[PDB]
Amino acid sequence: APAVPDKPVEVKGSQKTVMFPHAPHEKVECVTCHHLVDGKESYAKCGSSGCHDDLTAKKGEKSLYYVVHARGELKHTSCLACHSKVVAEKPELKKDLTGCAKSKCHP
Ligand code: HEC
Ligand code: HEC
Ligand code: HEC
Ligand code: HEC
């Protein structure tokens, strides 16, 4: 597959941009986030046209916000869904991984 980015990359929303760092996720399988689409591999941007291209709505499969922040039952793992579990085991990282403000995602 392509080489994983070695510097934080930009995850553009409609107003905010959150930097995503691959290094701390080196042990997570690529497919967990870059999930298969139509049975095929894809490393395209999450908010690509035809993917999670609704950058303003809070819900719906097309909502980038939803695929990122939902803790609900999803077809794939969201950032918050996994972070909740990590935080359950490492409570000292609650603010860093799940905070809406002053977190590692939203400083
Ligand atoms: C606490 C539970 C949080 C609240 C409430 C919000 N976030 Fe986040 N967030 C993250 C990413 C990767 C993005 C960019 C992609 C996108 O969702 O569009 C954002 C963006 C926002 C936004 C603005 C949405 C927009 O610009 O269209 C809002 C209002 C927002 N977030 C609220 C990632 C993360 C993250 C990293 C794991 C955490 C802990 C949070 N966000 C927490 C919250
Ligand atoms: C979730 C925790 C992830 C894991 C595990 C991996 N990647 Fe990733 N990657 C993820 C995001 C949120 C982003 C930003 C996409 C965006 O919306 O901008 C990326 C980006 C990439 C890219 C660059 C594509 C691009 O954004 O233009 C590549 C080439 C990439 N990721 C590769 C990759 C590989 C090979 C992985 C496993 C070793 C891998 N990623 C894991 C989220 C996640
Ligand atoms: C288009 C080629 C896509 C890219 C690139 C990414 N996603 Fe996706 N995602 C896409 C579809 C067609 C679907 C529906 C389910 C399916 O697998 O066919 C999804 C689903 C998700 C989900 C679950 C959403 C739900 O409502 O259950 C999540 C959590 C999700 N996608 C996350 C995600 C992330 C973080 C991506 C970037 C690394 C990403 N997707 C890329 C289509 C596409
Ligand atoms: C589990 C399968 C994960 C998914 C999906 C996402 N993240 Fe993650 N993240 C995970 C771990 C194991 C860690 C490290 C915790 C530790 O023990 O130290 C992280 C860390 C981050 C961080 C913090 C890095 C730092 O600055 O210290 C960020 C900012 C982060 N993760 C972002 C992020 C985003 C935006 C995701 C969705 C695209 C995402 N993570 C998914 C585990 C998992």
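Residues: numbered from 1 along the sequence shown. Just follow the structure's listing: the first ligand is 1, and inside any ligand the first atom is 1.
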Does ligand 2 come near enough to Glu29 that some N or O of the ligand is less than 3.5 Å from an N or O of the residue?
no

Among all protein non-hydrogen atoms, which one is nearest to atom 1 (C) of ligand 3, and what is the separation to 0.1 Å?
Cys51 SG, 1.8 Å

Step through the shown structure and confirm whether more than 12 heavy atoms of other residues, nucleotides or ligands are within 6.0 Å of CD on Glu29.
no

the protein heavy atom lying closest to atom 17 (O) of ligand 3 turns out to be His76 NE2, 2.7 Å

Quick one: which of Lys62, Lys75, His35, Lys59 has a heavy atom closest to atom 13 (C) of ligand 3?
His35

Is there a nitrogen or oxygen of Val4 sitting under 3.5 Å from a nitrogen or oxygen of ligand 2?
no

Can you name the closest pair of heavy atoms from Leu97 and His83 and give their distance?
O-ND1, 2.9 Å

Could you go step by step and tell me if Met19 and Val9 meet the side chain to side chain contact (heavy atoms under 4.5 Å, CB included) rule?
CA-CA 5 Å; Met19 296 305 284; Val9 291; 5.6 Å; no

Residue part near ligand 4, for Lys90, under 4.0 Å between non-hydrogen atoms:
side chain

The reported gap from NZ in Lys45 to CG in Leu64 (rounded to nearest 0.5 angstrom) is 12.0 Å

Over all atoms of both residues, closest heavy-atom pair of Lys12 and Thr17:
CG-OG1, 3.9 Å

All heavy atoms of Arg71 vs all of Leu80, minimum pair found to be CG-CB, 4.3 Å

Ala44 heavy atoms within 4.0 Å reach ligand 3 at atoms 5 (C)

Among all protein heavy atoms, pick the one closest to atom 35 (C) of ligand 2 and tell me residue, atom and distance.
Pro2 O, 3.4 Å

Out of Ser63, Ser42, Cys46, indicate the one that has the non-hydrogen atom closest to atom 36 (C) of ligand 3.
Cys46

Under 3.5 Å between any N/O of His22 and any N/O of ligand 2: does that happen in this structure?
yes

Mind checking whether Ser48 has a heavy atom under 4.0 Å from ligand 2?
no

Protein heavy atom at shortest distance from atom 38 (C) of ligand 2:
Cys30 SG, 2.7 Å

Of all the non-hydrogen atoms in the protein, which one sits nearest to atom 26 (O) of ligand 3, and at what distance?
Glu61 CG, 3.2 Å

What verdict does the side chain to side chain contact (heavy atoms under 4.5 Å, CB included) test give for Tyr66 and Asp54, after you've listed the backbone C-alpha separation in whole Å, the side-chain angles of each residue and the deciding distance to 0.1 Å?
CA-CA 10 Å; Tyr66 187 72; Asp54 183 343; over 6 Å; no

Atom 18 (O) of ligand 2: closest protein heavy atom, distance to 0.1 Å, is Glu10 O, 2.9 Å

Is the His52 ring parallel, tilted or perpendicular to the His35 ring (thresholds 30°, 60°)?
perpendicular

Check: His52 N/O within less than 3.5 Å of ligand 3 N/O
yes

Among all protein non-hydrogen atoms, which one is nearest to atom 12 (C) of ligand 2, and what is the separation to 0.1 Å?
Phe20 CG, 3.9 Å

Looking only at heavy atoms, which two atoms of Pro2 and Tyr43 are closest? And how far apart?
CD-CD1, 3.6 Å

By number and element, which atoms of ligand 3 are closer than 4.0 Å to a non-hydrogen atom of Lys45?
5 (C)

Starting from atom 14 (C) of ligand 2, what is the nearest protein heavy atom, named by residue and atom, and what distance separates them?
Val9 CG2, 3.8 Å

of all protein heavy atoms, closest to atom 29 (C) of ligand 4 is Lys104 CB, 3.8 Å

Going by chain and residue number, what protein N/O/S atoms come nearer than 2.8 Å to atom 8 (Fe) of ligand 4?
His25 NE2, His83 NE2

When rounded to the nearest 0.5 angstrom, what distance separates OG1 in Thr32 from NE2 in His76?
10.5 Å

Is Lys58 close enough and on-axis enough to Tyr65, meaning under 6.0 Å and within 45°, for cation-pi?
yes

Drop me the distance from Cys79's SG to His69's NE2, to the nearest 0.5 angstrom.
7.5 Å

Residue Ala3 vicinity, atoms of ligand 2 by number, heavy atom under 4.0 Å:
29 (C)

Show which atoms of ligand 2 fall inside a sub-4.0 Å distance from at least one heavy-atom site of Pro5.
21 (C), 22 (C), 23 (C), 28 (C), 30 (C), 31 (N), 32 (C)

Determine whether the side chain, the backbone, both or neither of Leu93 has a heavy atom under 4.0 Å from any heavy atom of ligand 4.
side chain

Greater than 12 external heavy atoms within 6.0 Å of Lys95's NZ
yes

Heavy atoms only, cut-off 4.0 Å: how does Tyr43 contact ligand 2, side chain, backbone, both, or neither?
both

Do you know the tightest heavy-atom contact between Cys51 and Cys46?
CB-O, 3.4 Å

Any idea which part of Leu74 is under 4.0 Å from ligand 3, heavy-atom wise: side chain, backbone, both or neither?
both

Students should be able to answer this: which protein heavy-atom is nearest to atom 2 (C) of ligand 2, and at what distance?
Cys33 SG, 2.7 Å

Between atom CG of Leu55 and atom NZ of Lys16, what is the distance when rounded to the nearest 0.5 Å?
14.0 Å

Which atom name does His34 have for its N/O/S atom nearest to atom 8 (Fe) of ligand 2?
NE2

Ignoring hydrogens and geometry, is there a side-chain-to-backbone donor-acceptor pair from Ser103 to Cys100 under 3.5 Å?
no

Considering non-hydrogen atoms only, spot the tightest contact between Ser78 and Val67 and give its length.
CB-O, 3.0 Å

